[PDB]
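So the protein lines, in turn, are chains D and A.
Everything in the first sequence is counted per the deposited numbering, starting at 322 for the first residue and increasing by one.
Count the second sequence with the deposited numbering and you get residues 1 to 240, 946 to 1170, in order.
For every residue, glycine included, the Cβ atom is placed at its ideal position computed from N, Cα and C.
Shown next, in structure tokens, is the structure this report addresses.
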Amino acid sequence: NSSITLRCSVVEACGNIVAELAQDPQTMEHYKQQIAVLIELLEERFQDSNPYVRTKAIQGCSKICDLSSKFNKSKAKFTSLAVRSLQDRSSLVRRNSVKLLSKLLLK
Amino acid sequence: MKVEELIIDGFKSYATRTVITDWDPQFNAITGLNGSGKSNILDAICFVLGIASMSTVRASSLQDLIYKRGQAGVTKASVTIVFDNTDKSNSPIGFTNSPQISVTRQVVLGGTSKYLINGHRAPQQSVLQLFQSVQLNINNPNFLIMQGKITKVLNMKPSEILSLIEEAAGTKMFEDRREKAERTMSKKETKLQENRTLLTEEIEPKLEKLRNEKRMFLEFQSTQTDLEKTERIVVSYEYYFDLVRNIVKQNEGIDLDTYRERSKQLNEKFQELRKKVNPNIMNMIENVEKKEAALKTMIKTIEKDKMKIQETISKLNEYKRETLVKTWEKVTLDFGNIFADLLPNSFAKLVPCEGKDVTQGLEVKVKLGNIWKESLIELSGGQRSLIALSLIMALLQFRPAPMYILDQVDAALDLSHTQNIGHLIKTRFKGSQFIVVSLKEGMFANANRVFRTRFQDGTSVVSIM
DNA sequence: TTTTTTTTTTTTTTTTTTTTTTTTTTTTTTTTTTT
DNA sequence: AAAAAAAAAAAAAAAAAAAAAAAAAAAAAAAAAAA
Ligand SMILES: [Mg+2]
């Protein structure tokens, strides 16, 4: 959909919906591919045209990287996407990528 | 609003914080050598009062006003002016309870300017409305004669000579707002016309389709009651624990096969009307009926609003025209008398153009002796300077603006008329603060305050001589 | 010798495009107050 | 002690006014020819 606000809405929805399913004994076996397709979707949304969707993607990835009982494979891909997107056009996506790199370096 | 302090930071020839104090409320006079920074003081005053067309401040941009274009360490250009308010009659609206009014305009590199009053920030419309209330409008001035533009006031088109009298009357701030109001009403009118044709083409067709499926929904609800009576009777009669006996003994002996095919023929209409009409169409048609009624009430109120605004501006134009004529008669009388006192055996009048009306434009006509000059192009630079000065002082005699800025109005006058202008500003035309830049000593030797300007070490300084 | 015609030059007026500044909308960041 | 609301700032796109440049029309002046 061409509206920016709905794209940022559903991107923040995927970020908050992965970031809350981190308490262990009902997450990694009940829904395993529905959470992986959302992780991959948040990875693909680093390339949206308007930079607010990219900012919401990086913020969702940075709130994913706090609680880590699983998906430690994905943190290296988040690091690669952050160091790729460290030189975008908008200052907002760059600043939030610095925040994401600091977040994954502290933990 | 007598100016009391002028603080210039990072402007054109001013690299440091220069604070000019000791302004006399009657007659201030700025002097100095060539290339010292006098017209840059007047450009700082014009810049703190607000400019759109940067050719009257002599720049092609806004970063061209900072010191050495901002590429010499002073990256900001801020101008501060302080006004005294011991006289509350010329005070603006709302600021009566403040004995000092400070206005500052700042511009940094890259971006644009920002204004602050008394330390607190403000947009440009607030300071423009503050300065358009004591008729200190820089965008269309009746008080500012920049350098080399004193022999060119008589070269003005009749709309500008009309606009000076309009600013003296007080109706230029109504005229530009009325033109902006007509333009904004035209743009919102074509937007509302697009909205009306979208309402006519896109809403009421779907509204009558919704009314069609509403009456089909009443038919479908009649079949709904038909199902929940007849099929309940049917499933009760094939179920046959005492309630089913009680609802059997009212309809004893109903035929089975006809009731079964009647149930089937009811359910086929049900599977048709299930995909025909949604079951919640009544609340939907109530919602869109309320929205359409409120929409049409809004459009009627908008149309009556436009009618009221248009009839009010058409009623205000008559009082504008009457106060324009009443201003124009007194201003042309004082114009003739001041020009007769400056240049002897002379006269000048402001006349409406040939065949048209006073509110279409005005023209200056000059008499030297007993002969009328058919065209004022044959006059000297000194006579045209005297006609322009006498017009500005006639506008002072109608309603005195607080600050009259004069950038070298004596460059074409001789040594008698320069001393006479200095004497007539010191003696006759009291009631305004005059900021005059001159190099002839006969003008600033009849002064109450004199500021020298000098160029030293790359910057400019102002010394109270 | 005067008037008329033609050609050339100059000035004024009007029109068009671009640039700069300002305005508008949405989002983000920072500060203060209340539960 | 933390959260919510309001204000200010930033970015992108669009609009308005002024300045500069270009084109067309009109008027004036000079020269030549004819009666
Ligand atoms: Mg000067």
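- [ ] Round the Cβ separation of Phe1103 of chain A and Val1036 of chain A to the nearest angstrom and send it over; I've been treating them as touching at under 8 Å.
- [x] Within the second sequence, numbered from 1, the residue matching residue 1103 of chain A stands at position 398. Within the second sequence, numbered from 1, the residue matching residue 1036 of chain A stands at position 331. Yes, they are in contact, since the Cβ atoms of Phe1103 of chain A and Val1036 of chain A sit about 5 Å apart, within 8 Å.
Open item on the list: Can you tell me whether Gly1074 of chain A is helix, strand or coil according to DSSP?
Closed with: The residue labelled residue 1074 of chain A in the question sits at position 369 within the second sequence. If DSSP states are grouped into helix, strand and coil, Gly1074 of chain A belongs with coil.
Open item on the list: Starting from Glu160 of chain A, trace the alpha helix (DSSP H) in both directions and tell me its first and last residue.
Closed with: On the second sequence, position 160 is the one that residue 160 of chain A refers to. Unbroken alpha helix (DSSP H) run through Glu160 of chain A: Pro158 to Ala169.
Open item on the list: Please output, in chain order, the residues near ligand 1 using a CB cut-off of less than 5 Å to any non-hydrogen atom of the ligand.
Closed with: A:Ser39 and A:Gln147
Open item on the list: Just to confirm, is the Cβ distance from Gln147 of chain A to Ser39 of chain A under 7 Å?
Closed with: Here residue 147 of chain A corresponds to residue number 147 of the second sequence, with the count starting at 1. Here residue 39 of chain A corresponds to residue number 39 of the second sequence, with the count starting at 1. In contact: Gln147 of chain A and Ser39 of chain A (Cβ atoms closer than 7 Å).
Task: N- and C-terminal bounds of the beta strand (DSSP E) containing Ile150 of chain A - done: Translated into positions along the second sequence, residue 150 of chain A becomes position 150. Element bounds for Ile150 of chain A: n/a, residue is neither H nor E.
Open item on the list: List, from N- to C-terminal side, the beta strand (DSSP E) runs of 3 residues or more that fit wholly inside the segment 1065-1151 of chain A.
Closed with: 1067-1073, 1108-1112 and 1138-1142
- [ ] Measure the Cβ-Cβ separation of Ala1116 of chain A and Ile1092 of chain A and say whether it is below 7 Å.
- [x] The count along the second sequence starts at 1 and reaches residue 1116 of chain A at position 411. The count along the second sequence starts at 1 and reaches residue 1092 of chain A at position 387. Cβ atoms of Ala1116 of chain A and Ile1092 of chain A: not closer than 7 Å.
Open item on the list: If I follow the unbroken alpha helix (DSSP H) through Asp226 of chain A, where does it start and stop?
Closed with: Numbered from its first residue, the second sequence carries residue 226 of chain A at position 226. Counted as a single uninterrupted DSSP element, the alpha helix (DSSP H) harbouring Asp226 of chain A occupies residues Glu204 to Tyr239.
- [ ] Check the C-beta distance from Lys1025 of chain A over to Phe174 of chain A and give it rounded, since I have them as a contact under 8 Å.
- [x] By one-based count along the second sequence, residue 1025 of chain A stands at place 320. By one-based count along the second sequence, residue 174 of chain A stands at place 174. Contact holds; Cβ gap of about 6 Å.
Task: Beta-carbon proximity list for residue 314 of chain D, same chain, < 6 Å, skipping 5 on both sides - done: This structure cannot settle anything about residue 314 of chain D, because the visible part of chain D is limited to 322 through 428.
- [ ] Can you grab the Cα-Cα spacing for the pair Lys172 of chain A / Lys1001 of chain A, in whole Å?
- [x] Start at 1 with the first residue of the second sequence, and residue 172 of chain A comes out as number 172. Start at 1 with the first residue of the second sequence, and residue 1001 of chain A comes out as number 296. If you take the alpha carbons of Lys172 of chain A and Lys1001 of chain A, they lie about 37 Å apart.
- [ ] For the segment 211-230 of chain A and the segment 976-995 of chain A, state whether three or more C-beta atom pairs, one from each stretch, are separated by less than 8 Å.
- [x] yes
Task: Bridge partners - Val993 of chain A, DSSP secondary structure assignment - done: Translated into the one-based positions of the second sequence, residue 993 of chain A becomes position 288. Its beta-bridge partners do not exist; DSSP assigns none.
Task: Cross-strand partners of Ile20 of chain A (DSSP beta bridge) - done: Working through the second sequence from its first residue, we reach residue 20 of chain A at position 20. For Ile20 of chain A, which the question treats as bridged, DSSP gives the partners A:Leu6.
Open item on the list: As a quick exercise: from A:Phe131, A:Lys1011, A:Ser13 and A:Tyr237, pick the residue whose alpha carbon is nearest that of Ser78 of chain A.
Closed with: Taking the second sequence and counting its residues from 1, the one referred to as residue 78 of chain A is at position 78. Selected option, being the one with the closest Cα: A:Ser13.
- [ ] May I have the straight-line CA-CA distance separating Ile1169 of chain A from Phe1040 of chain A, to the nearest angstrom?
- [x] Position 464 of the second sequence, counting from 1, holds the residue named residue 1169 of chain A. Position 335 of the second sequence, counting from 1, holds the residue named residue 1040 of chain A. Each residue's Cα considered, the two are about 35 Å apart.
- [ ] Given a cut-off of 7 Å, decide if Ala397 of chain D and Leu421 of chain D are closer than it, judged by their beta-carbon atoms.
- [x] The residue given as residue 421 of chain D occupies position 100 in the first sequence. The residue given as residue 397 of chain D occupies position 76 in the first sequence. It is not a contact, given that the beta carbons lie outside the stated cut-off.
Open item on the list: Quick check on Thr348 of chain D: does DSSP put it in helix, strand or coil?
Closed with: The residue given as residue 348 of chain D occupies position 27 in the first sequence. It is coil, neither helix nor strand.
Task: N- and C-terminal bounds of the beta strand (DSSP E) containing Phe1156 of chain A - done: By one-based count along the second sequence, residue 1156 of chain A stands at place 451. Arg1154 to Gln1161 is the span of the beta strand (DSSP E), which, as asked, contains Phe1156 of chain A.
TODO: Kindly indicate which residue of A:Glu189, A:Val1142, A:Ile203 and A:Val953 has the alpha-carbon position closest to the one of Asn28 of chain A.
DONE: The count along the second sequence starts at 1 and reaches residue 28 of chain A at position 28. Measuring from the Cα of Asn28 of chain A, the nearest candidate turns out to be A:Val1142.
- [ ] Assign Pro372 of chain D to one of three DSSP states: helix, strand, or coil.
- [x] Residue numbering aside, residue 372 of chain D sits at position 51 when the first sequence is read from its first letter. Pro372 of chain D falls in the helix class under three-state DSSP.
TODO: Within 10 angstroms of the Cβ of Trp1077 of chain A, are there 16 or more other Cβ atoms? Answer buried if so, exposed if not.
DONE: One-based indexing of the second sequence puts residue 1077 of chain A at position 372. Under this definition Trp1077 of chain A is an exposed residue.
Task: Any 3 or more C-beta pairs closer than 8 Å across the segment 954-971 of chain A and the segment 225-238 of chain A - done: yes
- [ ] Would you kindly work out how many angstroms separate the C-alpha atoms of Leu192 of chain A and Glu182 of chain A, rounded to a whole number?
- [x] The count along the second sequence starts at 1 and reaches residue 192 of chain A at position 192. The count along the second sequence starts at 1 and reaches residue 182 of chain A at position 182. Near 15 Å, if we compare the C-alpha coordinates of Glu182 of chain A and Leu192 of chain A.
TODO: Determine the direct distance from the alpha carbon of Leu49 of chain A to that of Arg177 of chain A, and round the result to whole angstroms.
DONE: Counting from 1 along the second sequence, the entry for residue 177 of chain A is found at position 177. Counting from 1 along the second sequence, the entry for residue 49 of chain A is found at position 49. Distance between the alpha carbons of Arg177 of chain A and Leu49 of chain A: 19 Å.
Open item on the list: For a quick check, are the C-beta atoms of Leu1100 of chain A and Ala168 of chain A less than 7 Å apart?
Closed with: Here residue 1100 of chain A corresponds to residue number 395 of the second sequence, with the count starting at 1. Here residue 168 of chain A corresponds to residue number 168 of the second sequence, with the count starting at 1. Cβ distance < 7 Å, so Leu1100 of chain A and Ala168 of chain A count as in contact.
TODO: For the alpha helix (DSSP H) containing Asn393 of chain D, list its first residue and its last residue.
DONE: Within the first sequence, residue 393 of chain D is the residue found at index 72, counting from 1. Where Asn393 of chain D is concerned, there is no enclosing alpha helix (DSSP H), given that its DSSP letter is neither H nor E.
TODO: Take the Cβ of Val374 of chain D as the centre, count every other Cβ of all protein chains shown within 10 Å, and call the residue buried at 16 or more, exposed below.
DONE: Locating residue 374 of chain D in the first sequence gives position 53, counting from the first residue. The residue in question, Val374 of chain D, is buried, as its Cβ has 16 or more Cβ neighbours within 10 Å.
Task: Three-state class that DSSP yields for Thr112 of chain A in the structure shown - done: The sequence position of residue 112 of chain A within the second sequence is 112, counting from 1. DSSP, reduced to helix, strand and coil, places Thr112 of chain A outside both helices and strands of the structure shown, so it counts as coil.
- [ ] Drop a sphere of 10 angstroms on the beta-carbon of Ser186 of chain A, count the other beta-carbons inside from all chains shown, and report buried for 16 or more, exposed for fewer.
- [x] As a position in the second sequence, residue 186 of chain A is number 186, starting the count at 1. It counts as exposed.
- [ ] Kindly identify the DSSP beta-bridge partner or partners of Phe27 of chain A.
- [x] For the purposes of this step, residue 27 of chain A is taken as the residue at position 27 of the second sequence. Its beta-bridge partners are A:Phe1139.
TODO: Identify, in the order they occur along the chain, each residue of the same chain with its Cβ nearer than 8 Å to the Cβ of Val57 of chain A, setting aside the five sequence neighbours on each side.
DONE: Numbered from 1 along the second sequence, position 57 holds the residue referred to as residue 57 of chain A. Correct list, in chain order: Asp43, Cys46, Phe47, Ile51 and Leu65.
Task: 6 Å Cβ shell around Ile161 of chain A - same chain, five flanking residues per side excluded - done: Position 161 of the second sequence, counted from the first residue, corresponds to residue 161 of chain A. So the qualifying residues of the chain are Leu1067.
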